[PDB]
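*Asks:* below: the sequence, then the experimentally determined structure.
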Amino acid sequence: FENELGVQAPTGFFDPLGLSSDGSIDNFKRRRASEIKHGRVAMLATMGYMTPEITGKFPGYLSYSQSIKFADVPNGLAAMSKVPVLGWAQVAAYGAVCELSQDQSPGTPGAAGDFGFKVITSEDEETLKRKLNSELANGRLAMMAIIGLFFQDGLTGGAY
Amino acid sequence: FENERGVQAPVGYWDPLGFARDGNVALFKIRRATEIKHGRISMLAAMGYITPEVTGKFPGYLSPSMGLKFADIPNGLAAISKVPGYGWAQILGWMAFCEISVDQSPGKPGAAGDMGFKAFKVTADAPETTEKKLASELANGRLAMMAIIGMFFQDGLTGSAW
Amino acid sequence: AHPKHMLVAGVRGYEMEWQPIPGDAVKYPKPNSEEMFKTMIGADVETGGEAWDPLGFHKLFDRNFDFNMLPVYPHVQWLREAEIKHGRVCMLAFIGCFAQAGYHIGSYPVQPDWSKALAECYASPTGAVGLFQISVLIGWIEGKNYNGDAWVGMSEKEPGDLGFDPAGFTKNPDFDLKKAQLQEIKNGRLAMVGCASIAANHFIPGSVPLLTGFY
Amino acid sequence: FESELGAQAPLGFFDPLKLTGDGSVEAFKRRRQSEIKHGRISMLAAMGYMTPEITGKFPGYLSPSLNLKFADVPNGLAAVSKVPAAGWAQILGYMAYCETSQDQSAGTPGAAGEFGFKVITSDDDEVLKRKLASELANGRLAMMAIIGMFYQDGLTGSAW
Ligand code: CLA
Ligand code: CLA
Ligand code: CLA
Ligand code: KC1
Ligand code: KC1
Ligand code: KC1
Ligand SMILES: CC1=C(C#C/C(C)=C/C=C/C(C)=C/C=C/C=C(C)/C=C/C=C(C)/C=C/[C@@]23O[C@]2(C)C[C@@H](O)CC3(C)C)C(C)(C)C[C@H](O)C1
């Protein structure tokens, strides 16, 4: 399996044991959807780890009923136990309307990261290649940095 | 009936009384199955007497709730009261499962001693080695039957195990 | 015979109908049931190698045509679907019963006892939201795999065939899926027996002589 | 029966009383299956009975609910009554999966220890035979070693 937007500059078909059968195109398509979704979520999560620190936490409350404030929710893994769980349920609802609105069954465009977002799309198939591989490489670096920040918060006891 | 297993070197076809000796092949099959099963259960009982004395009682409890601790229980015609009633029930249940899982009855392979227990691994296409093992099983079963009855009597008269 | 209309249930010439869901076309079920039972996964050595169904619960759907020509009793396909679902739910329930007593995850009230955790999480302001999320997720994964039509023996899917197989199973040339299905079914029955034992111990102490100290 | 594995440079065909009955190639095959299985089991047993001494007991609990630790379970024959009963049940379950997944009946790869481990292997048939004989020799040595270790643990107060 080559040409599938996965081989980059400092690396090739990086599989110490990945793609164990070196086939099973259905498994590989599922893994492609998995990796692209993981990368997008990670990029967002690292983004949201480094936004509150470099740009002060939101000015509002985030909970008028529970008297919580944005400036009172700690940044990092501790926020999961501070954000009101109705808020996490609403985040789950947004994830649902973001996952179940458009189908992502195998074969469908949803199974290839094609959720019709565009906005930062391009025009030429080579420019398409550039944008897609940029997104994928940034997502891999994201995943790495996001689990790194997870462990930094877990061990150091704070955001950094 | 003088060509079957059993009949051996020390005594030939042994029949002081009138059992068999009148044909009745089915009756002989029943008696052979009875002899084999009795010899097996006997051999097991013989070991169950010798082992708790030669080595020692098991390192455990046998009743973690009641704390019987194996070794507290004596050996022979006196564990009948010490071993918990549910323990005896489980032992008899295992024996009943061994009896009913197989189908001892006329003709079927369970009526000749083959109870599906294929340990003591003996190979096919090598008879007269399977037959020697079966004859040894019969002889050891007979010896163990007489021995276990003698051990019963020894414990009963002497008041304790051996 | 009787005209095309006026045909309901016991009238001669009335083809059996099955349309419980408003929005789905009418389905006309054949008896089957016994025919599907004769070629059905299960029936291992533990019961003699034959399909152990005393009381004839798999034949009642065939007897529907004799009773009132109505799908009152489930098809054997529905029975296998229910058995599979019960087995999976009971596996999870047994693991949960023996994991909640030692582990705690969320902001739910601390209740190691399994018989009280559900109610105490109902009462929790930050437990009701979580149980609502669990309920909506279960409802999604249950209505998506609605089966339902297995009640009349036409499910178009083998029992317990939700859209879930992250590993390579059901696709590898090896790993005979018949043995895996038999293992799943038998372990599910085992888990259901275990859950029944847990309930009996909770209500009648000393019933199962291995969970005496358990909740 | 000289050429069927074993029969290493030390001594020859060691059978003071065995295999002298009739040969019975299938009986020898069954005994070779048993020998390979016992050798693998005893190699694992010797390694796991000497490792808790070469290296400290694993860092962890092995039973968080029962508050046990890998470090407070005595090594050796004293561990049979210390490892949790469910832990022994799971170990026996993994053993049963090993013994029941692939067929081990006669005239099958499972009858010669051929299950598909394939990690220590090669392609040169001579090297394959050499490695198989090495496995058999190490297995016999481990059988005797683990029996001796068990008896040292029993007669003495602890391991070694
Ligand atoms: C349950 C007991 C039992 C049974 C059913 C059999 C059955 C058989 N034996 Mg056998 N045998 C036994 C015990 C038994 N044996 C014991 C313990 C010995 C060792 C002394 C032998 C030694 C032996 C030899 C040497 C031979 C047989 C042979 C045979 C077969 C010929 C048919 C026959 O006479 O059996 C009929 C079975 C009986 C009559 C059993 C009745 C038991 C009596 C009535 C009760 C009293 C016995 C004893 C003295 C009581 C002790 C306890 C008491 C103090 C309370 C037959 C299959 C022959 C053979 O192989 O033929 C091919 C043969 O040559 N047996
Ligand atoms: C309600 C759960 C449930 C359901 C729907 C099924 C369904 C089925 N089982 Mg099954 N089974 C279950 C639980 C269940 N099983 C449990 C817990 C065990 C362990 C004992 C078994 C053991 C088992 C075996 C060994 C076999 C089946 C077979 C079958 C199939 C035909 C039998 C039939 O029509 O019964 C469906 C109808 C019911 C099960 C009605 C259940 C309602 C009764 C009245 C409840 C009474 C139990 C009560 C609580 C007492 C508890 C007893 C204790 C042991 C727990 C069918 C697919 C056979 C098969 O595979 O055929 C190919 C077969 O050979 N089952
Ligand atoms: C599980 C045990 C086991 C088994 C099944 C085998 C099986 C085999 N070995 Mg073998 N072997 C073993 C252990 C075993 N070995 C050990 C531990 C050693 C090291 C001393 C050897 C050394 C060895 C050599 C050097 C050779 C074989 C050979 C053979 C093969 C032909 C010989 C034969 O038929 O023996 C059948 C198996 C047996 C007779 C094992 C019986 C074990 C006895 C009955 C019990 C011993 C008890 C022990 C000493 C004390 C334990 C404590 C006690 C107080 C409780 C055969 C496949 C030969 C070969 O490769 O042939 C091609 C050959 O040349 N073996
Ligand atoms: C794998 C299934 C299984 C389990 C799980 C299990 C467990 C327990 N067995 Mg059992 N067992 C078998 C199977 C199982 N036993 C089999 C096949 C046999 C061969 C016949 C057998 C033999 C005995 C005997 C002789 C005794 C015994 C007992 C207990 C006991 C203690 C409870 C208590 O005291 O707390 C517990 C927990 C002792 C007893 O005390 O029974 C009240 C007792 O004397 N068992
Ligand atoms: C990335 C977004 C995200 C976060 C960050 C997040 C976090 C938490 N989720 Mg959540 N979640 C989703 C998204 C997210 N969840 C999605 C898409 C689903 C559907 C698959 C889903 C399902 C459930 C369920 C079923 C439960 C649940 C809960 C909690 C909980 C504990 C709060 C606490 O104990 O205070 C925390 C911190 C459990 C709970 O306890 O709620 C009371 C509960 O039962 N979640
Ligand atoms: C991915 C599947 C999986 C899970 C999820 C899982 C989980 C737990 N294992 Mg387990 N396990 C395997 C698989 C899994 N184990 C496998 C393949 C083996 C090799 C045979 C194995 C071995 C042991 C042993 C030896 C013990 C053990 C235990 C526990 C335990 C503790 C519960 C508690 O005490 O909180 C929990 C939660 C200990 C025990 O006591 O269980 C009651 C213990 O002694 N496990
Ligand atoms: C933002 C935010 C939050 C958040 C968040 C979220 C959702 C964070 C998300 C984190 C996320 C998404 C973490 C997963 C990463 C995926 C990984 C690590 C995959 C690795 C996979 C690897 C390393 C595999 C590599 C392979 O080499 C192997 C092994 C075999 C090779 O052949 C093939 C390849 C190359 C593939 C909180 C926590 C809710 C509160 C906080 O306050 C605010």
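*Replies:* Done, it's in. Numbering: from 1, shown residues only, chains lettered A, B, ... in the order given. Ligands and ions are numbered 1, 2, ... in the order given.

*Asks:* residue A:136 contacts residue A:4, doesn't it?
*Replies:* No - in terms of C-beta atoms under 8 Å, residue A:136 does not count as a neighbour of residue A:4; the distance is 9.8 Å. The way it works is simple: take the backbone N, C-alpha and C, and place the C-beta from them, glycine included.

*Asks:* higher neighbour count, these two?
*Replies:* Higher neighbour count among residue A:136 and residue A:4: residue A:136, with 20 against 12, using other C-beta atoms under 10 Å in any protein chain shown.

*Asks:* check contacts around that one.
*Replies:* Contacts for residue A:136 (C-beta atoms under 8 Å, 6 or more residues apart in numbering or on different chains) come out as A:5, A:6, A:35, A:36, A:39.

*Asks:* so which of these is the most crowded?
*Replies:* residue A:39 (21 neighbours).

*Asks:* could you verify that that residue is part of a helix?
*Replies:* Yes - the assignment for residue A:39 (DSSP: H, G, I helix; E, B strand; the rest coil) places it in a helix.

*Asks:* quick one: secondary structure of residue 117?
*Replies:* Here I'm looking at chain A. coil.

*Asks:* can you get me a residue count around the nearest residue to residue A:103 once chain neighbours are set aside?
*Replies:* Spatial nearest neighbour of residue A:103, chain neighbours left out: residue A:110 (5.2 Å); criterion: C-beta to C-beta, 6 or more residues apart in numbering or on different chains. Residue A:110 has 17 neighbours, counted by other C-beta under 10 Å.

*Asks:* thought residue A:110 was touching residue A:100?
*Replies:* No - Residue A:110 is beyond contact range of residue A:100, at 10.0 Å (criterion: C-beta under 8 Å).

*Asks:* just to revisit the earlier point, need the contacts of residue A:136 in CSV (columns: distance to chain B and secondary structure).
*Replies:* Converted to CSV, the contacts of residue A:136 look like this (distance: C-beta to the nearest C-beta, whole Å; DSSP: H, G, I helix; E, B strand; the rest coil):
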residue, distance to chain B, secondary structure
A:5, 59, coil
A:6, 54, coil
A:35, 52, helix
A:36, 56, helix
A:39, 55, helix
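
*Asks:* buried ones in the helix or strand where residue D:129 lies?
*Replies:* Using DSSP states H and E, residue D:129 sits in helix D:125-155. Within helix D:125-155, the residues that count as buried by 16 or more other C-beta atoms under 10 Å in any protein chain shown are D:132, D:135, D:136, D:138, D:139, D:140, D:142, D:143, D:145, D:146, D:149, D:153.

*Asks:* and the residue lying farthest from the centre of chain D, helix, strand or coil?
*Replies:* Distance to the chain centre peaks in chain D at residue D:65, reaching 31.0 Å (criterion: C-alpha atoms, centre = their mean). Going by three-state DSSP, the secondary structure assigned to residue D:65 is coil.

*Asks:* report the contact partners of it.
*Replies:* So residue D:65 contacts C:101, C:102, C:103 (C-beta under 8 Å, 6+ apart).

*Asks:* again, only this time at 7 Å
*Replies:* Neighbouring residues of residue D:65 by C-beta atoms under 7 Å, 6 or more residues apart in numbering or on different chains: residue C:102.

*Asks:* great, nothing more from me.
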